[PDB]
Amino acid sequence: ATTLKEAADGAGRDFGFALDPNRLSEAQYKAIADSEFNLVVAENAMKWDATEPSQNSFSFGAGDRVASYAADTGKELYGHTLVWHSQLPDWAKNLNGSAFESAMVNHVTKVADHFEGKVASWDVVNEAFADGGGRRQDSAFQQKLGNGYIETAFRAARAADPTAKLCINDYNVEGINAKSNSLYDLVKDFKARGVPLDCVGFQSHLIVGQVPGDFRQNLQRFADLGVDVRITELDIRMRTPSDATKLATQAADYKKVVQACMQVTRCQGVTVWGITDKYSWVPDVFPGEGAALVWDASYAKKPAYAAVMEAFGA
């Protein structure tokens, strides 16, 4: 293999990236997107703010651009995300009770219907749980609808799209801890009761030198509930600027994550949360952190690149 795409293809797995469709007009970004990945997810274009800016008025141009990119380049398309507490438009936050429930249901229905037969899998619900266990505490969905909203969302998604793989996605659930235990309980419950649910996403926004040693064990116990698993938003951030030591540790870390996936038969693959450090979300959220991706800000391959290739068995 001479590309990460070839390595993943050869392994029978997915290697994806988070796309900003506006960056496709930057030819270097498009060249790498085209050649190095066999799956794409919209970094932002399919979120609620991006798709339903006012009640029952939809703006699918950006999401369609991502879908068309996937179809044109023959990549799997992964859908992110139907229900998420973050970036929720004010019009939705202003609704309550049944009016809010109906807005959620309408959103799930219209977005899943719009992309039906193009999007292969959806993050139906994103970030429902709390670090330390139990439900997230700053969510409009949890606060207005309570525990049942997750099941409502999954059933609505299946009603709209009978075949798409329906996933729940979260972060800080890579190791076995109170948060991933809560997520595990729900997955087991849903499968026991026949609630539509096909997959679990592990975001894997990790810090350099801190990959959970129990990641494989955790992925495996989820797979054993009878669902697929996926590493959905991998990046491994360090204190900037990078140096040789940090880049080597980061490379080792990428290898650890991709190997954990390789070691679990139902792990569909790994998606990294962007292409280049140039555009990574990390520096804006974490002051003085960054350099989290496989390409640097000048689109040079970092040591992480060879580590990913090696881990896919290339």
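Note that residue numbering begins at 1 and tracks the sequence as displayed.
- Legend: mean Cα B-factor per stretch from the PDB entry, 210-218 versus 164-172; the higher mean is in 210-218.
- Once the C-alpha B-factors are averaged per stretch, 292-300 and 14-22 rank with 292-300 first.
- Looking at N106, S86, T152, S121, the one whose CA carries the top B-factor in the deposited record is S86.
- Per the PDB entry, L95 shows the highest C-alpha temperature factor of the residues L77, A156, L95, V125.
- For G134, the recorded CA temperature factor ranks within the highest third of the chain's modelled residues.
- Placement of the Cα temperature factor of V272 within the chain: lowest third of the modelled residues, per the deposited record.
- Looking at the C-alpha B-factors along this chain, the one for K278 belongs to the highest third.
- Sorting the modelled residues of the chain by their CA temperature factor places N147 in the middle third.
- Ranked within its chain, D284 lands in the highest third, by CA B factor from the PDB record.
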